Participant: 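Can you read through this structure? Questions will come right after.
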Protein chains: 4
Amino acid sequence: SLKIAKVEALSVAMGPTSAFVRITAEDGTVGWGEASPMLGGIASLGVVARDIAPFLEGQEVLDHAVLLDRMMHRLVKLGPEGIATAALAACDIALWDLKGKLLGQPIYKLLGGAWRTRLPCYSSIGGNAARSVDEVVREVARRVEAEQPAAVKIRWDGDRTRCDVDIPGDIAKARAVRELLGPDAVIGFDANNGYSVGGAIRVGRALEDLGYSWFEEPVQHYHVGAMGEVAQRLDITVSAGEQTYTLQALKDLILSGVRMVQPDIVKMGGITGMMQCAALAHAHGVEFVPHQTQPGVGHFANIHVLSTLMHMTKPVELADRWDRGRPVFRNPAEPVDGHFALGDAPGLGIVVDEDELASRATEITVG
Amino acid sequence: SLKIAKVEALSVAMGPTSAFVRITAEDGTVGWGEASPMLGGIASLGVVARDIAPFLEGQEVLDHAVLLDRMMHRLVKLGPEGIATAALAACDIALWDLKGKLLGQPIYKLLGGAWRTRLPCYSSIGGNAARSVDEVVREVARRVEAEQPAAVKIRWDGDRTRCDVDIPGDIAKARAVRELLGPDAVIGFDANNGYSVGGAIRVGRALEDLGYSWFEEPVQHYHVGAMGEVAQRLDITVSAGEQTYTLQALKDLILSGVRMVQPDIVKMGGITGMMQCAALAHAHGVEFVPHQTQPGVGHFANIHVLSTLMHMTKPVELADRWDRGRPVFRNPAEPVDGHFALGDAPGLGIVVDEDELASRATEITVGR
Amino acid sequence: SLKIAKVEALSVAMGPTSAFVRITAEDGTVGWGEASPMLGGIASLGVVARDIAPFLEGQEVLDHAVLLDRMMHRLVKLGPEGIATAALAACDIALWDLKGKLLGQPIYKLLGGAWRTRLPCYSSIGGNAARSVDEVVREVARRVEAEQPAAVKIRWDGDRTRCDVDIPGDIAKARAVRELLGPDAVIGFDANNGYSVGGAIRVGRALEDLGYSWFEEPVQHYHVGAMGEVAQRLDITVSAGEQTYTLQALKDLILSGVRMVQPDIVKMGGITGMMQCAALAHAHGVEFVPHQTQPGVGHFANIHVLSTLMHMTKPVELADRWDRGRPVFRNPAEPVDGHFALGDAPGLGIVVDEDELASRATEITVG
Amino acid sequence: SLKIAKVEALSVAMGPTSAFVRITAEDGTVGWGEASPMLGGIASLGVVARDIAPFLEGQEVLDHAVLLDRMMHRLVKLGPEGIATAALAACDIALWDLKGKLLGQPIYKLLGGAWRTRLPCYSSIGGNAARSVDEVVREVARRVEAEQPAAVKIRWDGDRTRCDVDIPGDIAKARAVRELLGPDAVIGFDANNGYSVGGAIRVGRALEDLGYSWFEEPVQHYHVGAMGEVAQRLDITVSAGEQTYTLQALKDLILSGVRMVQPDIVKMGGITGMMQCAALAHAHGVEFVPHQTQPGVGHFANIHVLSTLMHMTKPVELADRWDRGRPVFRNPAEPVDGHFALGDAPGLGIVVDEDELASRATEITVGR
Ligand SMILES: [Ca+2]
Ligand SMILES: [Ca+2]
Ligand SMILES: [Ca+2]
Ligand SMILES: [Ca+2]
Ligand SMILES: [Ca+2]
Ligand SMILES: [Ca+2]
Ligand SMILES: [Ca+2]
Ligand SMILES: [Ca+2]
Ligand SMILES: [Ca+2]
Ligand SMILES: [Ca+2]
Ligand SMILES: [Ca+2]
Ligand SMILES: [Ca+2]
Ligand SMILES: [Cl-]
């Protein structure tokens with residue numbers, strides 16, 4: 001029985017900062033986890049340091065599901081969504097990494113097999129609310145040349161205190177990207193919560209005219225009713241879930257009318273949680289298309305899960321500035337011929353440059 | 001890594017025949033699975049032999065989920081409910097046994113650990129449609145004495161071509177068993193599809209009056225709309241799912257109104273599928289209380305899954321003539337202090353007597 | 001009172017293998033049944049041999065409905081869907097054949113009359129996922145010339161472990177078949193479960209643009225909710241049911257939102273069951289358009305039932321390689337001027353070459 | 001006009017630690033807010049210090065609603081349920097205190113006036129899962145004697161990893177407390193998420209038999225569909241909302257079937273947010289009965305809002321160990337003749353002992 005000796009919560013400067021969890025077992029082997037670095041992930045890290053670490057230390061790696069579910073019911077009044085679920089997700093991923101090393105198996109081999117070990121990417125391109133038409137086109141062309149993606153998603157990342165800011169301008173941007181990519185290109189559009197119901201419908205119809213494949217988070221994530229209503233009113237596939245943090249809330253998103261869900265493995269659930277979400281998606285007949293923006297640990301957890309997904313429909317997300325995986329990681333997310341290559345090393349198979357890490361890492365400690 | 005060398009479909013005389021799948025890996029290690037022995041499980045074993053074995057042999061043990069999902073989609077036009085899903089469940093269990101033996105762990109330790117390793121049981125007591133009141137009472141007394149269960153479920157096992165056969169008699173039986181067990185005892189009533197909607201409600205109300213805790217399969221299982229309607233109209237917890245064989249059908253059962261679901265690990269899914277069922281149950285806030293009537297391989301697969309269920313609300317089912325686990329098995333289901341004790345042997349932890357097995361087993365092969 | 005002397009379960013090499021049931025009455029007259037030959041129908045045949053045959057032997061032909069309903073409640077834990085319902089369907093059809101011969105009447109004469117004895121066919125053309133555009137066109141033209149059908153259906157028969165494989169390619173194939181057939185041609189599109197909800201909607205709209213009449217099984221058959229949702233969201237008629245095996249499940253398909261149902265007479269119900277399905281369809285106001293892929297016994301059972309259908313809307317299915325009806329059958333499904341001619345011989349009116357049968361038949365027996 | 005000079009996040013030892021926000025304006029006036037002290041409120045205070053303070057400092061006190069709505073949308077990917085919403089609630093309360101001090105008015109007089117300035121209380125009595133029957137009874141007797149409340153609520157505070165733990169025992173406890181208090185007493189039962197759907201119904205019916213007035217959080221809060229289903233299936237008023245942290249989630253809770261909602265002013269919204277919640281409650285015709293367990297700042301914010309509620313149907317919650325309000329506060333929650341007396345001091349009207357505070361307080365700063 002392999003025991004957890006130590007749990008460390010680490011804020012790490014990259015390439016912006018990331019939030020990692022390093023769990024050292026009693027035998028000296030090491031597991032890596034990642035929490036969504038929202039405002040640096042500092043809050044999630046504190047929670048790991050103050051609440052999760054003292055509980056997990058002395059306990060057994062293979063009890064990971066029971067340990068973390070119990071931890072979540074202990075942290076439930078912390079939300080738990082967002083900060084607590086990222087903290088838990090991070091620890092889940094670190095324990096799976098440790099589990100894979102203890103058992104001598106890559107994670108997908110512990111999960112019942114991969115349908116594929118080469119997974120198509122899609123270029124996820126943010127910051128388009130602030131760009132001119134021509135800057136949007138330039139950035140798309142620049143990333144498409146470098147990544148050879150199977151699809152492209154243009155995200156707005158606008159100011160969520162404002163609604164329906166520039167509908168004609170957003171449509172003009174989507175038009176110009178369609179003209180750039182040609183008529184057969186698979187294109188997604190991420191509104192980042194930019195629209196009212198009426199505004200989302202107006203944009204969706206224009207996206208339908210331009211042949212777009214999906215329409216991501218058209219309304220505020222807290223209007224679940226409206227999200228599903230827009231989903232059911234439009235032909236273009238409305239997608240949401242990256243700001244959904246529980247299995248039950250995911251269930252409710254589906255019931256609202258969403259047919260493509262996107263929970264994130266470092267925002268919630270970790271490997272265990274995400275496998276549960278995939279089963280729920282398959283039970284209801286909805287597409288499962290995870291949100292993932294981190295080039296190292298999160299990406300590896302993401303692709304282990306996705307290799308197990310039978311009815312994979314869209315490609316793996318490749319977000320902006322993935323080059324920031326270096327130099328902390330030696331093998332971070334990097335597409336070859338438009339695909340991610342999943343290897344067979346035990347655990348995650350993430351390779352960490354330990355001396356670069358330490359020079360860039362700051363431990364978050366009880367306080 | 002490790003390859004599947006050989007898959008055998010085995011009809012085995014017990015104690016009535018059971019239907020087992022033995023999978024041998026290329027290093028000679030052996031995994032055991034079981035299909036629900038409906039009409040002997042012969043049809044399911046046939047499907048294992050003709051369709052599943054030739055595909056599985058030469059493949060990777062650890063690829064169990066991909067392999068069996070692929071196999072289900074090849075076998076889809078066989079139903080696949082019942083025969084086919086039981087056949088895939090048997091293989092899934094066998095591969096998990098192997099997986100656990102290869103990896104050096106009990107199944108529950110591959111599933112993230114256990115909430116408990118001592119699981120309370122309930123006495124599942126059938127054939128009460130054909131019994132008189134005193135015979136019902138005598139049998140409940142007998143088994144409660146032997147098993148000290150946490151709950152009792154009396155099942156009817158009536159003739160499904162007939163409806164609303166003896167409502168007053170059924171009620172008097174429920175009443176007699178309440179008098180016997182006392183005001184505090186947890187009692188369930190399994191109609192085994194015996195009632196119409198109206199008959200179900202009438203009986204349900206009478207069960208509520210007697211403090212019964214759940215009401216199992218009040219109507220024909222194929223009336224999913226009615227099953228959920230009855231569940232939402234009553235106070236007593238209506239349960240169903242033993243004759244539900246896919247994840248999606250489980251979701252439909254839940255959407256219809258059912259709040260206690262009972263899929264069976266040797267009828268569908270095996271370990272992989274049941275863990276997905278458990279997750280769907282947890283997503284929708286419904287009780288997960290599996291059906292299980294086999295004392296050996298099926299029982300063991302069942303308790304591994306149930307050890308990992310956080311919000312277990314009802315005990316482990318312990319069905320009639322569980323004594324038949326011997327002599328084929330050396331450690332089959334056996335309650336001590338009203339509990340099943342989960343152990344930590346690699347894989348299932350089930351121990352087979354090869355000698356007894358060889359003398360009891362008929363291989364189902366291609367061309368029988 | 002005519003008694004059942006013998007029930008035989010027969011695996012038969014055709015023209016692939018079929019699964020027949022031969023019931024011999026005590027007077028020596030013979031009835032023929034067919035079970036859907038899924039993986040040869042071997043499993044259904046075993047079930048007939050082990051479970052159904054010993055029960056039916058010694059019993060009376062005219063008790064067919066009571067006998068088989070009782071048999072289904074005895075076999076219910078076998079599913080009963082798929083394997084058991086095909087086994088039961090086969091025996092139902094053989095008993096109706098025997099019933100028609102005993103009474104001296106064609107089956108449609110026992111069912112209350114035919115609206116027509118000449119029934120239009122439609123060419124049902126599979127294997128289009130694996131073909132190039134040009135091979136799809138070639139095969140359609142080849143079959144349309146030979147069959148003079150009232151409609152054409154192109155089926156994909158793709159790999160159900162994969163979802164949304166080639167949407168632009170499938171649409172290109174549907175376009176080219178529309179161009180080949182002209183603007184007035186009645187064309188159906190069988191997705192064989194190839195799409196997600198979003199994918200099915202995308203394809204359906206393109207099929208709507210190309211004037212297609214129906215859209216068959218767009219999503220996995222086990223996503224009944226999604227099937228009906230797509231049905232209600234689209235203008236093109238979504239159809240399903242060939243993978244529905246009970247009256248109650250059919251009822252649920254209808255409630256989900258499907259408005260065209262396609263149960264198969266050798267997969268389920270037989271003549272008795274299908275007559276019940278037709279009544280349910282008529283009660284709910286949905287089209288009844290049975291799936292049928294077998295050129296002999298199944299086809300004859302199908303057309304007896306369909307001659308009774310008042311509001312027939314689509315033609316009779318004529319699937320690939322119907323020529324395999326010969327030489328076991330002397331009068332198998334063969335269109336003349338685009339129509340099937342239903343004759344007045346008692347029972348099914350199927351004519352069996354008994355010596356070809358025996359040379360090609362293998363009995364499945366208790367074991 | 002008046003600017004925010006400084007925001008401090010304070011962890012304060014009471015009587016168990018509370019989590020307070022002190023906002024000082026540029027004229028040296030001071031406003032007090034409180035975040036729900038979940039696991040000490042340390043995470044919420046961290047968020048105040050790192051994320052909210054640098055933004056608020058230099059801004060206008062009277063811009064509270066715009067400022068905190070803007071702040072919530074910047075902090076949205078922290079949840080924001082729980083930690084973040086409690087942190088924004090604390091700031092909202094502090095700014096209202098300041099607003100009231102600046103304007104020379106009590107908060108309720110800025111909110112349009114009060115229906116009443118004497119508010120009845122109810123005794124909220126926790127930890128009854130772990131108690132024996134006699135211990136439950138003794139504690140209800142003790143507090144009812146000391147507090148003379150208008151109602152009593154007995155809460156369970158059970159282990160949320162466990163479900164349907166002791167239904168008969170729970171019922172016997174409810175029964176014993178009814179015998180103690182008499183036929184007329186208003187009694188609520190707080191399951192603290194202890195039951196499945198079926199277990200909730202079973203308990204609900206038993207509570208209806210005993211004339212209980214409401215049934216609080218029968219199921220896991222994350223099962224919103226089940227919570228509403230249970231609410232619509234029972235007669236006894238099912239209440240929830242204490243673990244609901246946004247306005248929209250409150251609306252979903254109401255749509256699910258719940259007709260009594262209980263958001264908490266120091267968990268979410270603060271004064272601004274709660275008044276919006278009250279309005280949504282009034283739009284949908286549901287009871288508005290906030291959760292509140294803190295004796296000082298939170299209590300005061302709570303009674304200001306509740307003074308303005310036209311159709312108040314249930315009393316003000318008075319939770320365990322309210323005595324811990326002293327010595328940090330000079331006038332914390334204290335029932336007289338079963339009532340809380342709302343006064344007319346500018347702002348909250350809460351009086352802090354700076355001396356005790358300084359000796360009890362740890363500032364949570366950037367880099368601790
Ligand atoms: Ca241990
Ligand atoms: Ca430590
Ligand atoms: Ca996004
Ligand atoms: Ca072999
Ligand atoms: Ca049962
Ligand atoms: Ca042995
Ligand atoms: Ca007779
Ligand atoms: Ca015979
Ligand atoms: Ca078809
Ligand atoms: Ca400052
Ligand atoms: Ca409470
Ligand atoms: Ca003072
Ligand atoms: Cl009622």
Side-chain angles (χ1 to χ4, degrees), chain D residues 1-12 18-35 41 44-72 74-75 84-112 265-266 269-275 294 296-305 328-332 342-358 360-366:
Chain D
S1 187
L2 192 71
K3 289 175 195 300
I4 298 166
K6 185 171 181 162
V7 189
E8 309 169 88
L10 309 176
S11 173
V12 176
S18 286
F20 295 113
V21 166
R22 175 171 61 209
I23 308 186
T24 312
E26 62 168 335
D27 66 355
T29 54
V30 156
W32 288 99
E34 173 164 26
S44 294
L45 298 171
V47 170
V48 170
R50 283 181 312 266
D51 308 312
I52 302 172
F55 168 80
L56 282 190
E57 297 179 355
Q59 298 291 350
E60 297 275 71
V61 176
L62 292 174
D63 284 348
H64 63 91
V66 165
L67 293 174
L68 295 179
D69 285 13
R70 163 131 44 215
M71 199 62 343
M72 189 283 272
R74 276 204 210 173
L75 273 38
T85 53
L88 298 156
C91 296
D92 173 279
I93 300 161
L95 295 169
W96 271 98
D97 201 24
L98 278 176
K99 177 167 172 175
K101 283 182 189 173
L102 157 66
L103 293 185
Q105 300 295 339
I107 291 163
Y108 81 84
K109 289 272 180 177
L110 300 172
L111 289 178
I265 205 159
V266 301
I271 288 158
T272 310
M274 288 295 278
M275 290 299 295
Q294 308 308 313
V297 167
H299 168 78
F300 274 70
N302 195 48
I303 67 179
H304 278 279
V305 167
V328 171
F329 300 113
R330 296 207 146 282
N331 66 342
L342 184 52
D344 302 344
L348 282 173
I350 186 95
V351 277
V352 184
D353 187 326
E354 278 92 355
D355 195 37
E356 278 287 346
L357 182 86
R360 278 153 122 104
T362 304
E363 196 181 336
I364 303 287
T365 55
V366 188

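Per chain, numbering begins at 1; letters A, B, ... match sequence-line order. Basis for what follows: all heavy atoms, side chains included, without hydrogens, waters or symmetry-related copies.
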Participant: Only one of D:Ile303, D:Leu348, D:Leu342, D:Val305 forms a side chain to side chain contact (heavy atoms under 4.5 Å, CB included) with D:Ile107, so which one is it?
Facilitator: D:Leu348
Participant: Can the ring centres of D:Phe300 and D:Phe329 be said to be less than 6.0 Å apart?
Facilitator: no
Participant: Can you check side-chain contact (heavy atoms from CB on, under 4.5 Å) on D:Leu10 and D:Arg22, steps first, answer last?
Facilitator: CA-CA 7 Å; D:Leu10 309 176; D:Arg22 175 171 61 209; 3.9 Å; yes
Participant: How close do D:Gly33 and D:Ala94 get, heavy atom to heavy atom, and via which atoms?
Facilitator: N-CB, 3.5 Å
Participant: Measuring only between side-chain heavy atoms, which start at C-beta, is D:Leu103 closer than 4.5 Å to D:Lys109?
Facilitator: no
Participant: Could you walk me through whether D:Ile52 and D:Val7 pass side-chain contact (heavy atoms from CB on, under 4.5 Å), step by step?
Facilitator: CA-CA 8 Å; D:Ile52 302 172; D:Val7 189; 5.9 Å; no
Participant: Locate the shortest heavy-atom distance separating D:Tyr108 from D:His304; write the atom from each residue and the value.
Facilitator: N-ND1, 3.1 Å
Participant: For D:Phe55, which residues count as a ring pair (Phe, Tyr, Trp, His ring centres under 6.0 Å) partner, sequence neighbours excluded?
Facilitator: none
Participant: Within the side chain of D:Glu34, is there an N or O that forms a donor-acceptor pair under 3.5 Å with the backbone of D:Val266?
Facilitator: no
Participant: Would D:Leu95 and D:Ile4 count as a side-chain contact (heavy atoms from CB on, under 4.5 Å) here? Give the steps.
Facilitator: CA-CA 9 Å; D:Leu95 295 169; D:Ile4 298 166; 3.6 Å; yes
Participant: Rounded to the nearest 0.5 Å, what separation is found between the CE atom of D:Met72 and the CG atom of D:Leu67?
Facilitator: 14.0 Å
Participant: Run the side-chain contact (heavy atoms from CB on, under 4.5 Å) check on D:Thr29 and D:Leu102 step by step: do they pass?
Facilitator: CA-CA 8 Å; D:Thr29 54; D:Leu102 157 66; over 6 Å; no
Participant: Using the salt bridge (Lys or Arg N to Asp or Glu O under 4.0 Å) rule, collect all pairs that involve residues 96-108 of chain D, keeping only residues at least two apart or in two chains.
Facilitator: D:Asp97-D:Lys101
Participant: Could you list the donor-acceptor pairs under 3.5 angstrom formed between side-chain atoms of residues 85-93 of chain D and any protein atom two or more places apart in sequence or on another chain?
Facilitator:
{"unit_1": "D:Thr85", "atom_1": "OG1", "unit_2": "D:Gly82", "atom_2": "N", "d": "3.0"}
{"unit_1": "D:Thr85", "atom_1": "OG1", "unit_2": "D:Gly82", "atom_2": "O", "d": "3.4"}
{"unit_1": "D:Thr85", "atom_1": "OG1", "unit_2": "D:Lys267", "atom_2": "O", "d": "2.9"}
{"unit_1": "D:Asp92", "atom_1": "OD1", "unit_2": "D:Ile271", "atom_2": "N", "d": "2.6"}
{"unit_1": "D:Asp92", "atom_1": "OD1", "unit_2": "D:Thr272", "atom_2": "N", "d": "3.3"}
{"unit_1": "D:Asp92", "atom_1": "OD2", "unit_2": "D:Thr272", "atom_2": "OG1", "d": "2.7"}

Participant: Provide the closest heavy-atom pair for D:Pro346 versus D:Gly100 in the form atom of the first, atom of the second, distance.
Facilitator: CB-O, 3.6 Å
Participant: If every non-hydrogen atom of D:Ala25 is compared with every non-hydrogen atom of D:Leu98, which pair is closest and at what distance?
Facilitator: CB-CD2, 4.3 Å
Participant: Any chance you could measure D:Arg70, atom CZ, to D:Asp63, atom CG, to the nearest 0.5 Å?
Facilitator: 9.0 Å
Participant: With a 3.5 Å distance limit and no angle check, can you tell me whether D:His299 reaches the backbone of D:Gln294 through a side-chain donor-acceptor pair?
Facilitator: no
Participant: In Å, rounded to the nearest 0.5 Å, how long is the span from NZ of D:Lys3 to CD of D:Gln59?
Facilitator: 7.5 Å
